[PDB]
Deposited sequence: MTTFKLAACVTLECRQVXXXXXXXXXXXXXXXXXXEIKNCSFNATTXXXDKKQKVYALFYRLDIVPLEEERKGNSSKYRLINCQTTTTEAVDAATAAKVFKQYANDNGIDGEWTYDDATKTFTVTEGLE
């Protein structure tokens, strides 16, 4: 099986400017304190690395492929108080639902 993650926060791609120059999705850039963000992968001294904001709710499910994972995550987001714009990344198998840019 493949395990998929649903995140109720933005994923960030960040590089060194202490202070990191981060983008979220198209690409909006902003500067963050390194304390506010959480690594989703190994941190890179040269290029960018994927990060998370400290405040995040996540859940997971096993599925034949992403199309079935979206069934369950849409259900989870209706049963709980979750809304937003959706996004899927196949490299990490992570869905993201965010209500940003409002």
> Wait, which stretches of the deposited chain are just not there in the structure?
Replying inline: 18-35, 44-52
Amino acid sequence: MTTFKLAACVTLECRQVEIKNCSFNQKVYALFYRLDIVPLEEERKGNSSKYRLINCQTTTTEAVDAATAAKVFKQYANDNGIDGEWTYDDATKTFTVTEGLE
From here on, numbers count along this sequence of modelled residues.
> If you average the CA temperature factors over each stretch, which comes out higher, 68-76 or 51-59?
Replying inline: 68-76
> Which has the higher mean CA temperature factor in the PDB entry, 7-15 or 77-85?
Replying inline: 77-85
>> So if I compare the CA B-factors in the entry for 35, 28, 40, 31, which one is the largest?
In response: 28
>> Ranking every modelled residue in this chain by its Cα temperature factor as given in the entry, which third contains residue 23?
In response: middle
